[PDB]
2 protein chains.
Amino acid sequence: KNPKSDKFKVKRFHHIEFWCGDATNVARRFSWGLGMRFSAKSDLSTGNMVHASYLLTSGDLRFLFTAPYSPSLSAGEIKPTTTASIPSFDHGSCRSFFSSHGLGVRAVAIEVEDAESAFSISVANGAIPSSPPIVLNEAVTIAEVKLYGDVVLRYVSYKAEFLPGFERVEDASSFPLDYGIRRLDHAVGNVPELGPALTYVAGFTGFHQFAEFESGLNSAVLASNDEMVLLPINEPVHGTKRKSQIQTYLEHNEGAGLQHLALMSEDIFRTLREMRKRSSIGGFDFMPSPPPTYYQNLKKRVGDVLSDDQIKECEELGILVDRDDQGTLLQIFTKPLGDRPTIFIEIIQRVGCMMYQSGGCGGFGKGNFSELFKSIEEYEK
Amino acid sequence: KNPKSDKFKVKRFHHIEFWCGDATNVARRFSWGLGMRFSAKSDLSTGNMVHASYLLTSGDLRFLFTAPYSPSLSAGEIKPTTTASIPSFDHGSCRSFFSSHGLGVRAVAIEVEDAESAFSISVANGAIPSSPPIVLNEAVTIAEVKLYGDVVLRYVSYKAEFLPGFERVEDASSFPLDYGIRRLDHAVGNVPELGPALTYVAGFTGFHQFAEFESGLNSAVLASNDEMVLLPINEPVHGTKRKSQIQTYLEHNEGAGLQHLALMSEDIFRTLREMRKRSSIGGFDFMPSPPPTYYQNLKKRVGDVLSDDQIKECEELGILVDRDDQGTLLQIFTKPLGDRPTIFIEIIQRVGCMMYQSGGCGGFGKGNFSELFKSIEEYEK
Ligand SMILES: Cc1c(C(=O)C2=C(O)CCCC2=O)ccc2c1c(=O)n(CCc1ccccc1)c(=O)n2C
Ligand SMILES: Cc1c(C(=O)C2=C(O)CCCC2=O)ccc2c1c(=O)n(CCc1ccccc1)c(=O)n2C
Ligand SMILES: [Co+2]
Ligand SMILES: [Co+2]
């Protein structure tokens with residue numbers, strides 16, 4: 001059931017912003033590790049004396065990496081005279097965010113029709129305001145409300161190239177890397193109580209619960225009208241024999257925050273081959289591969305969607321497979337992106353639900369918890 | 001003249017420690033960009049609840065990358081019961097260092113015979129103490145004194161594998177990268193006044209001034225007995241038509257600090273080829289290449305040390321060349337390693353002065369200031 005109760009026109013995921021200590025090194029690491037191009041910059045060389053911001057892009061996926069310069073460089077500025085390209089930025093907020101949480105996502109940004117109305121309706125509907133609507137060069141409007149923890153949901157809207165005050169990057173600095181990633185599929189929060197967090201966010205967006213099909217978590221998924229913006233949220237389940245990875249997250253992150261970004265690939269096999277070649281030379285590591293028992297059991301479950309040759313390719317790459325009543329889902333999880341066991345990345349590709357492809361086709365892989373538990377005990381035998 | 005006035009037995013450069021916001025991402029970036037192996041770790045998986053520390057090595061060059069975890073993880077610890085592998089670490093010091101300076105070098109570490117005596121003699125001779133001598137597992141002794149700004153000179157001494165509490169890294173995590181870098185040649189500080197900084201450091205080490213052969217700086221080089229530990233220091237020269245890059249550094253670094261690390265290569269041409277292939281895919285950028293006039297003038301100055309084929313290879317790679325009365329020096333400079341125009345890296349290789357090779361052979365390239373100025377105006381013509 002999809003009641004389509006969005007309280008404002010929501011278009012699509014626009015970008016994800018990481019708050020860093022050093023944006024250059026994180027961005028260069030992510031660029032190599034994920035196959036993303038350097039697309040835009042706002043920094044000293046563009047006149048920004050407040051923050052360094054570098055945009056990576058792969059298809060529709062836009063990763064923004066932002067760190068503060070010394071406050072001394074902008075001491076004589078006030079918000080009306082600021083050189084920052086992102087006026088919601090604040091030296092003390094960013095430094096407090098990073099010291100409290102380590103490297104992680106600050107903003108989940110979605111494009112809307114009118115960021116100012118989306119902000120007014122949102123706060124009128126219970127959203128805790130974070131940064132009011134400001135208009136950039138009479139061209140782009142941007143506003144922020146609190147999402148969970150210190151993560152903001154950021155509304156952006158264009159009258160008609162990333163933001164005013166950003167420059168496109170010189171082609172000699174911009175190497176055309178691409179491992180096949182194309183857009184953001186979902187962004188997942190970890191919170192200590194799912195109920196109040198669900199009620200809050202659904203409260204001010206009008207997003208509806210997305211329908212599904214005992215280890216770790218309870219979760220639930222909020223979604224926009226066409227279900228192209230997907231915001232799952234997890235909470236821990238305490239008492240479990242193995243400690244909740246949601247609870248571990250909350251402890252090391254110092255509270256609620258963004259758990260994982262799921263990145264849709266147009267060819268998950270080439271993406272994984274390319275990322276795995278680079279795991280030990282600057283890129284990203286992947287979680288331990290499931291036992292062969294997991295793949296000996298794949299034929300019985302998805303042997304109608306993938307060939308034996310494509311099944312054995314999943315085993316080579318450690319790809320996990322789950323299925324809905326409408327589609328099948330291929331997925332894999334990186335190890336944590338930074339020092340803390342907090343944020344990590346998921347690579348996915350969906351099969352089915354053509355009408356274009358409808359969002360969430362295949363679900364989010366919750367059944368794979370059961371499949372790996374069974375495969376793990378079966379492999380001991 | 002080398003009066004050999006070291007007040008304690010100084011062996012060699014041992015390691016350089018960067019204080020980071022996220023040690024994982026900086027270390028992975030530096031690993032790819034420079035060709036350094038993952039050699040040792042001290043982090044959550046080794047029992048360290050205070051900091052994440054990852055060691056990169058290439059030959060004798062040891063780069064250490066350290067960031068703090070949440071203080072909450074170690075709240076019940078006291079210094080006697082600490083799980084930190086580096087007992088001089090302090091959450092507040094590291095966070096203050098990084099917020100003030102951005103990414104940069106915290107510790108310049110040299111191996112000595114007895115770190116505890118080197119600390120006592122140093123402070124007895126004017127050194128501002130920073131962290132007193134502590135003995136690790138009855139095996140390694142380590143102590144720190146202030147060097148300049150917030151950079152400490154760190155003494156380490158072994159009775160007889162990096163430090164106690166570090167683990168060697170599993171070979172599947174440790175990809176054997178190597179672009180030919182082999183050791184640290186010199187580490188250079190920027191200070192607002194060279195005189196008092198020179199007097200201070202020479203004061204407590206006994207290091208002697210190293211003899212040389214109007215744009216930017218005055219500098220001078222302190223050196224240990226065998227001249228294998230080399231510590232140049234720069235100050236700005238104000239009034240210059242072009243602004244002093246030392247002054248720019250001090251402004252963006254919020255005070256004195258480490259300007260550049262010079263890394264000796266056993267084959268500078270292969271090092272540069274390998275680093276340049278990776279500049280735009282996660283590695284490091286290099287400063288703009290000198291004009292061809294600079295290389296048309298190389299034959300007249302060094303055409304007795306390098307072939308025409310090796311001269312044109314310098315032009316391909318943008319390598320600079322200078323010469324002493326005892327040796328010749330090949331060098332090149334990266335762009336800044338992080339967001340701020342502060343710390344950068346120099347790759348060098350020395351020719352001559354065989355006895356082994358004596359340190360500082362060829363000097364530090366000061367003549368190249370003049371050569372590029374002349375080449376720049378000659379190339380306009
Ligand atoms: C995050 C994830 C998802 C996922 O995407 C996600 C959603 O989008 C919607 C809400 C529910 C949800 O979970 C799906 C399957 C996963 C995982 C996952 O994190 N893990 C790792 C576990 C683990 C941790 C610590 C130690 C050992 C194992 C899995 O095994 N599966 C199989
Ligand atoms: C650091 C450096 C060295 C060097 O190693 C060093 C020492 O070890 C000992 C003390 C003196 C010293 O300097 C040698 C030559 C350099 C540079 C250098 O930094 N630069 C860049 C200038 C510049 C900046 C900003 C904008 C444009 C140009 C050079 O051109 N030369 C030619
Ligand atoms: Co997911
Ligand atoms: Co130098």
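Letters A, B, ... mirror the listed sequences (proteins, then strands); counts begin at 1. When reading the values below, keep in mind they use all heavy atoms of this one structure, side chains included, and skip hydrogens, waters and symmetry mates.
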Is there a side-chain contact between [X] and [Y] in this structure, where contact means two heavy atoms from C-beta onward sitting under 4.5 Å apart?
X      : Y      : result
A:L217 : A:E235 : no
A:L184 : A:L263 : yes
A:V140 : A:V156 : yes
A:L320 : A:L330 : no
A:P336 : A:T342 : no
A:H15  : A:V108 : no
B:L44  : B:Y69  : yes
A:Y54  : A:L64  : no

Main-chain N/O of [Y] paired to [X] side chain as donor or acceptor, under 3.5 Å:
X      : Y      : answer
A:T293 : A:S375 : yes
A:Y249 : A:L258 : yes
A:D322 : A:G367 : yes
A:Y148 : A:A197 : no
A:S174 : A:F38  : yes
A:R106 : A:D150 : yes
A:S99  : A:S96  : yes
A:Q310 : A:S307 : yes
A:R154 : A:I142 : no
B:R29  : A:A27  : no

Inset, instruction - Just do the side chain to side chain contact (heavy atoms under 4.5 Å, CB included) check on A:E371 and A:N368 with the steps written out, would you? - result: CA-CA 5 Å; A:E371 271 302 317; A:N368 262 320; 4.0 Å; yes
Inset, instruction - Determine, stepwise, if the pair A:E254 / B:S70 fulfils side-chain hydrogen bond (donor to acceptor under 3.5 Å, both in side chains). - result: CA-CA 7 Å; A:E254 281 183 24; B:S70 166; 2.6 Å; yes
Rounded distance (nearest 0.5 Å) linking atom [atom1] of [X] with atom [atom2] of [Y]:
X      : Y      : atom1 : atom2 : value
A:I345 : A:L337 : CD1   : CG    : 4.5 Å
A:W19  : A:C94  : CH2   : SG    : 5.0 Å
A:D22  : B:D339 : CG    : CG    : 3.5 Å
B:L103 : A:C20  : CG    : SG    : 12.0 Å
A:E316 : A:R276 : CD    : CZ    : 10.5 Å
A:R37  : B:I281 : CZ    : CD1   : 13.5 Å

Legend entry - Check ion pair A:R350-A:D185 (N to O, under 4.0 angstrom): yes
Legend entry - A:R270 with A:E313: basic N within carboxylate O range, under 4.0 Å: no
When you compare the side chains of [X] and [Y], does any donor N or O come within less than 3.5 Å of an acceptor on the partner?
X      : Y      : answer
A:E346 : A:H260 : yes
A:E144 : A:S88  : yes
A:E17  : A:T66  : yes
A:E77  : A:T83  : yes
A:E167 : A:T46  : no
A:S157 : A:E113 : no
A:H14  : A:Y155 : no
A:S42  : A:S53  : no
A:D43  : A:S45  : yes

Inset, instruction - Verify ring-ring contact (aromatic ring centres under 6.0 Å, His included) between A:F63 and A:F18, making sure each step is shown before the conclusion. - result: CA-CA 8 Å; A:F63 274 4; A:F18 293 78; 5.3 Å; yes
Inset, instruction - Please step through ring-ring contact (aromatic ring centres under 6.0 Å, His included) for the pair A:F89 and A:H91, ending with a clear verdict. - result: CA-CA 7 Å; A:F89 183 87; A:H91 286 271; 5.6 Å; yes
Inset, instruction - List the steps, then state whether salt bridge (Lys or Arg N to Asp or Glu O under 4.0 Å) holds for A:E315 with A:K312. - result: CA-CA 5 Å; A:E315 180 168 31; A:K312 66 95 186 146; over 6 Å; no
Inset, instruction - Show your reasoning for whether salt bridge (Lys or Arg N to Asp or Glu O under 4.0 Å) applies to A:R95 and A:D90. - result: CA-CA 9 Å; A:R95 294 204 148 91; A:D90 168 76; over 6 Å; no
Inset, instruction - For salt bridge (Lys or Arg N to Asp or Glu O under 4.0 Å), just list the numbers for A:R62 and A:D60, CA-CA rounded to whole Å, side-chain angles, deciding distance to a tenth of an Å, and then say yes or no. - result: CA-CA 6 Å; A:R62 305 178 179 96; A:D60 288 336; 5.5 Å; no
Legend entry - Steps toward salt bridge (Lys or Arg N to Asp or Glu O under 4.0 Å) verdict (A:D171, A:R168): CA-CA 9 Å; A:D171 297 302; A:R168 96 155 200 92; 2.7 Å; yes
Inset, instruction - Verify side chain to side chain contact (heavy atoms under 4.5 Å, CB included) between A:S358 and A:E227, making sure each step is shown before the conclusion. - result: CA-CA 7 Å; A:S358 57; A:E227 315 196 306; 5.9 Å; no
Legend entry - Test side chain to side chain contact (heavy atoms under 4.5 Å, CB included) applied to A:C314 and A:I319, A:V302, A:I268, the passing residue: A:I319
Inset, instruction - Using the side chain to side chain contact (heavy atoms under 4.5 Å, CB included) rule, pick out the option among A:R273, A:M275, A:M36 that qualifies with A:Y179. - result: A:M275
Inset, instruction - Identify the two heavy atoms, one from A:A115 and one from A:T141, that lie closest to each other, and give their separation to 0.1 Å. - result: CB-O, 3.5 Å
Inset, instruction - Heavy atoms only: give me the nearest A:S85-A:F166 pair and the separation to one decimal. - result: OG-CE1, 3.4 Å
Inset, instruction - Could you tell me how the ring of A:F65 sits relative to the ring of A:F30: parallel (under 30°), tilted (30 to 60°) or perpendicular (over 60°)? - result: perpendicular
Inset, instruction - Verify side chain to side chain contact (heavy atoms under 4.5 Å, CB included) between A:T328 and A:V305, making sure each step is shown before the conclusion. - result: CA-CA 8 Å; A:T328 305; A:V305 179; 3.5 Å; yes
Inset, instruction - Begin from the C-alpha positions of A:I343 and A:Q259 and carry the test side chain to side chain contact (heavy atoms under 4.5 Å, CB included) through to its verdict. - result: CA-CA 5 Å; A:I343 174 160; A:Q259 191 212 33; over 6 Å; no
